[PDB]
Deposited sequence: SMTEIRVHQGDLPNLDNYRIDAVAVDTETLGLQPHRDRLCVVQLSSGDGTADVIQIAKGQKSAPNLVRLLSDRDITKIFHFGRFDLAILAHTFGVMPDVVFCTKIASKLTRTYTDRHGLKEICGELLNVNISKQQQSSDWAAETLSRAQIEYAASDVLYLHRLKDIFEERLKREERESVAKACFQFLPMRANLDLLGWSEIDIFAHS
């Protein structure tokens, strides 16, 4: 497993002239206003990953932000509701072309109530996915391998979920959900993170 670790930003976009990029983050916690972004991981789907350590107070990451802003490149997340929020809060750019494996699982794997990444990878790919101070100056090898494992499989999952969405004729539902997901993340940032805006009560 080749994992390239960077400080601050990608050196260039030579490895990311592609149609879709897998994205994940690590933070100090679940609350973007308190808990800073510490790591961003990326994969092109070729079995390699980039792990970018984000410094305290860092406001810019131009190569990463070009990827996040490029409307011709789909950003793949698992539970992108969180990653979109923390990315937009940190760098000021909200991606608007996204695919979320958690929404896709809820729209296709209707025979189960377990939609976590480990269960999805286990069922769909027979891949076994295995408290950490992500703000440490030097990440451990175990940390780097764990961080990389979260992006290595998202392309294959997206392909399978696209097949299932076509099979059950739910493609337009998923498309509308993905179109709204960035605004759901914005609603989280604005103060409605605990509110289902569509519920009767």
Could you name the stretches of the deposited sequence that have no C-alpha atoms in this structure?
1 to 2, 133 to 136
